[PDB]
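A.B. asks: Here it is: the structure, laid out below.
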Amino acid sequence: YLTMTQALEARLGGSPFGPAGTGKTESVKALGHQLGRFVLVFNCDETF
Amino acid sequence: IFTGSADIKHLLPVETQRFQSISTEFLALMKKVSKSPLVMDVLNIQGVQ
Amino acid sequence: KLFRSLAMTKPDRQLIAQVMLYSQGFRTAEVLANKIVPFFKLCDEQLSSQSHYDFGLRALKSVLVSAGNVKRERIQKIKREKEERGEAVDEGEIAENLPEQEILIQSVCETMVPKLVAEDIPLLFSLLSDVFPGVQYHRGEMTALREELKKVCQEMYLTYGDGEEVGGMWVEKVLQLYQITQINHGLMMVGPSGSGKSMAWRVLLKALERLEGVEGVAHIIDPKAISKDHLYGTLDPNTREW
Amino acid sequence: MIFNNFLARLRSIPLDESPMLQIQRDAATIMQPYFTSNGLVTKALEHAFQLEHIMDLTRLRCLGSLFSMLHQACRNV
Amino acid sequence: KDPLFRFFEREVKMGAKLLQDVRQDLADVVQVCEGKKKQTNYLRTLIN
Amino acid sequence: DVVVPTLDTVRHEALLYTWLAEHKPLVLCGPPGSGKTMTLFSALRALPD
Amino acid sequence: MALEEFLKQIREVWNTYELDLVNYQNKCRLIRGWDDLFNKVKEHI
Ligand SMILES: Nc1ncnc2c1ncn2[C@@H]1O[C@H](COP(=O)(O)OP(=O)(O)OP(=O)(O)O)[C@@H](O)[C@H]1O
Ligand SMILES: Nc1ncnc2c1ncn2[C@@H]1O[C@H](COP(=O)(O)OP(=O)(O)O)[C@@H](O)[C@H]1O
Ligand SMILES: Nc1ncnc2c1ncn2[C@@H]1O[C@H](COP(=O)(O)OP(=O)(O)O)[C@@H](O)[C@H]1O
Ligand SMILES: [Mg+2]
Ligand SMILES: [Mg+2]
């Protein structure tokens with residue numbers, strides 16, 4: 001939350017990384033819902 | 001012709017093969033007729049005409 | 001440079017287990033978490049290494065969600081059986097007289113057992129005894145489902161069994177597949193060629209259709225017999241149509 | 001289990017679509033003692049896994065071929 | 001019931017499997033180099 | 001077209017016939033030029049359909 | 001009452017009429033009796 005809010009304040013994006021299963025997508029969604037935002041999840045691939 | 005004469009085998013092989021296929025089909029349809037000699041059972045065979 | 005990167009490498013599994021067992025109504029949430037997280041570590045570091053083994057945060061979350069659901073179901077069953085055997089139902093003693101450890105072991109065995117190879121099951125149960133002493137896992141016998149399975153097997157010339165009889169392991173696998181189908185919306189059936197997977201899920205589908213009365217429809221897709229473009233879809237490079 | 005499935009299908013499904021089915025039941029009755037645990041087929045299949053083959057040996061490939069040509073034997077009868 | 005025994009049985013299983021694999025591969029290689037047996041795709045890759 | 005009969009040839013003939021008869025898929029494995037397609041085609045002439 | 005008799009007569013005739021099959025060199029069961037069958041069909045029409 002601290003890092004992503006710092007990124008938001010600087011008008012930068014947030015890029016949580018790590019091995020799968022550590023709670024990155026869910027953490028981003030939880031932060032977005034804590035601020036009452038509409039968070040859209042996209043499963044990217046080579047066709048994007 | 002196709003069975004009594006064995007020379008047509010040499011001279012018309014492909015003709016003999018197509019006639020043999022036709023003969024097997026005709027014999028199968030005739031067996032279907034024979035198991036049910038009733039006229040309407042033959043008439044009601046799927047795609048008989 | 002347009003993004004701020006954060007490394008999320010080690011989630012705090014113990015705290016998640018503690019808080020999310022506390023919130024579901026478990027009185028011994030501290031002890032239950034301190035027993036269940038090291039148990040998952042032990043499963044990771046003691047069982048044989050298999051390509052279809054997962055003991056991460058997703059598995060722990062699924063186990064604890066199933067534990068909450070199982071506790072709710074057990075409380076409802078206790079209320080029903082007490083109502084049909086007298087009038088003494090109250091929330092207090094039902095909450096106090098409740099085997100939370102047995103519920104957690106039941107959830108673990110409902111989630112982790114179907115994935116195990118034959119030689120790992122004794123290791124898993126020895127680990128469970130070591131971490132949760134005295135607690136035993138007794139799976140309920142789905143009698144009606146088993147009769148439906150037997151009828152379907154007879155109809156389709158399958159060899160239905162029970163216990164140690166020829167075909168008992170296959171029926172056990174079918175029941176485990178049914179349990180995982182209830183728990184998870186994503187199913188994988190792993191096993192060497194011709195191990196009974198297709199017949200297992202077909203027989204389970206037919207048995208469920210005949211038991212619950214709802215028709216089952218199966219779509220079988222070979223994802224590698226066609227290109228990924230034909231498997232998911234194409235966005236037209238020219239007209240931008242889908 | 002596979003042997004039981006093969007025998008049940010032999011005794012139940014006619015090969016044409018009854019003399020065919022009666023021949024099938026008689027043949028299944030003859031084959032029954034061999035299609036058993038620790039039988040001729042089981043021991044032969046166990047020994048076949050020790051030989052070398054042009055391709056990797058799979059149990060169901062052998063079993064399917066065997067059932068195919070047993071159906072062919074019934075057709076020959 | 002012994003965790004140490006579980007660890008050691010896993011270790012010996014993995015070691016025996018990999019040892020048999022390596023010894024069989026080396027035996028096939030030495031047979032190939034003597035001309036006793038022909039060279040297969042797997043043997044070609046291993047020798048290369 | 002002509003095939004000189006041989007022990008292996010006739011054995012593979014019988015095997016290919018008993019396999020193609022029920023329409024079971026099958027694969028002939030062997031080094032190039034061994035006679036796999038010759039054996040198959042000489043088995044298909046016994047199946048005119 | 002006559003038309004029903006004709007309909008029932010046609011129904012019974014065509015429910016009991018069978019093709020006249022005979023053996024042919026132990027190869028087939030060929031049909032004879034063409035004239036009578038054709039006459040029956042034409043007269044019923
Ligand atoms: N319970 C059973 N009793 C009797 N026969 C069975 C049973 N399960 C499968 N079989 C038969 O054994 C064979 C196994 O086929 P099945 O579709 O079950 O395998 P599978 O595990 O899905 O295989 P694969 O992954 O190679 O496709 C089939 O011929 C099937 O009819
Ligand atoms: N702080 C947390 N509290 C509760 N659950 C969590 C937490 N972090 C992760 N999880 C659980 O872990 C699972 C996987 O997390 P996810 O964000 O999908 O992983 P990934 O980082 O690969 O996207 C989710 O089901 C989520 O519920
Ligand atoms: N028993 C046999 N009788 C006659 N010719 C044979 C016999 N065995 C092998 N041959 C010859 O060997 C050749 C096999 O080639 P082919 O069958 O095309 O190889 P592949 O089946 O691998 O494509 C044929 O041209 C055939 O003339
Ligand atoms: Mg994610
Ligand atoms: Mg399958």
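If you're wondering about the labels, chains in the structure tokens are A, B, ... by order shown, residues count from 1 in each chain, ligands from 1 in order shown.
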With a distance threshold of 9 Å and counting only C-alpha atoms, extract the residues of chain A near chain C and express them as a list in words.
C.D. replies: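 My answer is residues 3, 4, 6, 7, 11, 12, 13, 14, 15, 16, 17, 18, 19, 20, 21, 22, 23, 24 and 47 of chain A.
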A.B. asks: Take the residues from that selection and write them out as a JSON list (two decimals), in the first residue's frame, keeping C-alpha atoms.
C.D. replies:
[["chain", "number", "residue", "atom", "x", "y", "z"],
["A", 3, "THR", "CA", 4.71, 1.80, -2.37],
["A", 4, "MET", "CA", 1.62, 1.89, -4.59],
["A", 6, "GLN", "CA", 3.73, 6.67, -3.47],
["A", 7, "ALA", "CA", 3.56, 5.64, -7.13],
["A", 11, "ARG", "CA", 1.40, 9.95, -11.10],
["A", 12, "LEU", "CA", 3.36, 6.76, -11.78],
["A", 13, "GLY", "CA", 2.14, 3.22, -12.26],
["A", 14, "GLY", "CA", 2.49, 0.37, -9.80],
["A", 15, "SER", "CA", 4.46, -2.75, -10.73],
["A", 16, "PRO", "CA", 4.34, -5.41, -8.00],
["A", 17, "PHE", "CA", 6.47, -8.38, -9.02],
["A", 18, "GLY", "CA", 7.45, -11.74, -7.61],
["A", 19, "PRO", "CA", 6.72, -15.46, -7.82],
["A", 20, "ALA", "CA", 3.13, -16.46, -8.49],
["A", 21, "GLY", "CA", 0.88, -16.88, -5.47],
["A", 22, "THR", "CA", 2.26, -14.08, -3.28],
["A", 23, "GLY", "CA", -0.81, -11.84, -3.51],
["A", 24, "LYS", "CA", -0.02, -9.16, -6.08],
["A", 47, "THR", "CA", -2.26, -10.59, -28.59]]
A.B. asks: Mind listing the residues within 10 Å of ligand 3, only C-alpha atoms and all ligand atoms counted, as a PyMOL selection string?
C.D. replies: chain F and resi 1-10+28-41
A.B. asks: Mind listing the residues within 9 Å of ligand 1, only C-alpha atoms and all ligand atoms counted, as an MDAnalysis selection string?
C.D. replies: (chainID C and resid 153 156:161 167:168 170:171 189:201 203) or (chainID D and resid 1:6 60 63:64)
A.B. asks: Just to be explicit: take each residue in the selection above, keep N, CA and C atoms, and write the result as a compact mmCIF listing (two decimals), in the first residue's frame.
C.D. replies:
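The resulting file, selection-v5.txt, is shown below:
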# COMPACT_ATOMS: atom_id res chain seq x y z
N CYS C 153 -22.15 -47.44 -14.01
CA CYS C 153 -21.10 -48.38 -14.40
C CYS C 153 -21.69 -49.64 -15.02
N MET C 156 -22.88 -48.76 -18.58
CA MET C 156 -21.83 -48.49 -19.54
C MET C 156 -20.74 -49.56 -19.54
N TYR C 157 -21.00 -50.72 -18.92
CA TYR C 157 -20.05 -51.84 -18.86
C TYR C 157 -18.78 -51.48 -18.09
N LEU C 158 -18.89 -50.56 -17.14
CA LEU C 158 -17.76 -50.21 -16.28
C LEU C 158 -17.74 -51.13 -15.06
N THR C 159 -16.56 -51.26 -14.46
CA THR C 159 -16.36 -52.16 -13.33
C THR C 159 -16.40 -51.35 -12.04
N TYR C 160 -17.59 -51.21 -11.47
CA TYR C 160 -17.75 -50.53 -10.20
C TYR C 160 -17.24 -51.41 -9.06
N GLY C 161 -16.69 -50.77 -8.04
CA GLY C 161 -16.16 -51.49 -6.90
C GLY C 161 -16.37 -50.77 -5.58
N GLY C 167 -11.65 -52.33 -8.59
CA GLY C 167 -12.40 -51.14 -8.93
C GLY C 167 -12.64 -50.18 -7.78
N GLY C 168 -12.22 -50.53 -6.57
CA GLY C 168 -12.43 -49.64 -5.44
C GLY C 168 -11.64 -48.35 -5.54
N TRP C 170 -10.69 -46.81 -8.28
CA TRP C 170 -11.29 -45.96 -9.30
C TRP C 170 -12.52 -45.22 -8.76
N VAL C 171 -13.35 -45.92 -7.99
CA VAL C 171 -14.53 -45.27 -7.40
C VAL C 171 -14.10 -44.25 -6.35
N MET C 189 -7.08 -33.30 -13.89
CA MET C 189 -6.95 -34.73 -13.61
C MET C 189 -5.65 -35.21 -14.23
N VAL C 190 -4.66 -35.47 -13.39
CA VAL C 190 -3.31 -35.82 -13.83
C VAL C 190 -3.10 -37.30 -13.60
N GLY C 191 -2.50 -37.97 -14.58
CA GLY C 191 -2.20 -39.38 -14.47
C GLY C 191 -1.81 -39.98 -15.80
N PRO C 192 -1.01 -41.04 -15.77
CA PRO C 192 -0.51 -41.63 -17.02
C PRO C 192 -1.63 -42.04 -17.96
N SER C 193 -1.26 -42.23 -19.22
CA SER C 193 -2.25 -42.54 -20.25
C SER C 193 -3.00 -43.82 -19.90
N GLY C 194 -4.31 -43.79 -20.09
CA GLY C 194 -5.14 -44.93 -19.77
C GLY C 194 -5.18 -45.28 -18.30
N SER C 195 -5.38 -44.28 -17.45
CA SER C 195 -5.49 -44.49 -16.01
C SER C 195 -6.92 -44.38 -15.51
N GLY C 196 -7.89 -44.14 -16.39
CA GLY C 196 -9.28 -44.08 -16.01
C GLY C 196 -9.87 -42.70 -15.82
N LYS C 197 -9.17 -41.64 -16.25
CA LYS C 197 -9.64 -40.28 -16.01
C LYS C 197 -10.92 -39.99 -16.78
N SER C 198 -10.92 -40.27 -18.08
CA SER C 198 -12.08 -39.94 -18.91
C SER C 198 -13.32 -40.67 -18.43
N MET C 199 -13.19 -41.97 -18.16
CA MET C 199 -14.33 -42.73 -17.66
C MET C 199 -14.75 -42.23 -16.28
N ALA C 200 -13.78 -41.83 -15.45
CA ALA C 200 -14.11 -41.31 -14.13
C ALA C 200 -15.02 -40.10 -14.24
N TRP C 201 -14.62 -39.10 -15.03
CA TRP C 201 -15.43 -37.89 -15.08
C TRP C 201 -16.73 -38.10 -15.86
N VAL C 203 -18.53 -40.94 -15.91
CA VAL C 203 -19.41 -41.66 -14.99
C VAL C 203 -19.89 -40.73 -13.89
N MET D 1 -9.87 -54.93 -14.54
CA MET D 1 -10.99 -54.07 -14.89
C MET D 1 -11.14 -53.96 -16.40
N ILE D 2 -10.02 -53.82 -17.11
CA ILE D 2 -10.05 -53.73 -18.57
C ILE D 2 -10.53 -55.05 -19.17
N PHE D 3 -10.06 -56.17 -18.61
CA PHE D 3 -10.52 -57.48 -19.09
C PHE D 3 -12.02 -57.65 -18.88
N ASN D 4 -12.52 -57.22 -17.72
CA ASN D 4 -13.95 -57.30 -17.45
C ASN D 4 -14.74 -56.44 -18.43
N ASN D 5 -14.25 -55.23 -18.72
CA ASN D 5 -14.93 -54.38 -19.69
C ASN D 5 -14.96 -55.03 -21.07
N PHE D 6 -13.83 -55.62 -21.49
CA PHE D 6 -13.77 -56.28 -22.79
C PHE D 6 -14.75 -57.44 -22.85
N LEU D 60 -2.34 -50.41 -22.89
CA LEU D 60 -3.61 -50.36 -23.59
C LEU D 60 -3.45 -50.51 -25.09
N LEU D 63 -3.53 -54.24 -25.33
CA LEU D 63 -4.86 -54.74 -25.01
C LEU D 63 -5.86 -54.42 -26.11
N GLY D 64 -5.78 -53.22 -26.69
CA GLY D 64 -6.68 -52.87 -27.78
C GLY D 64 -6.44 -53.70 -29.02
A.B. asks: Going by DSSP on the backbone, which bits of chain A are helix (DSSP H, G or I)? Write them as a ChimeraX atom specification, please.
C.D. replies: /A:2-9,25-34
A.B. asks: Taking only C-alpha atoms into account, report as a list in words which residues of chain E lie within 10 Å of chain C.
C.D. replies: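 Those within range of chain C come out as residues 1, 2, 3, 4, 6, 7, 9, 10, 11, 13 and 14 of chain E.
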A.B. asks: Just how far from atom CA of residue 115 of chain C is atom CA of residue 70 of chain C, in Å to one decimal?
C.D. replies: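 Computed distance, atom CA of residue 70 of chain C to atom CA of residue 115 of chain C, equals 20.0 Å.
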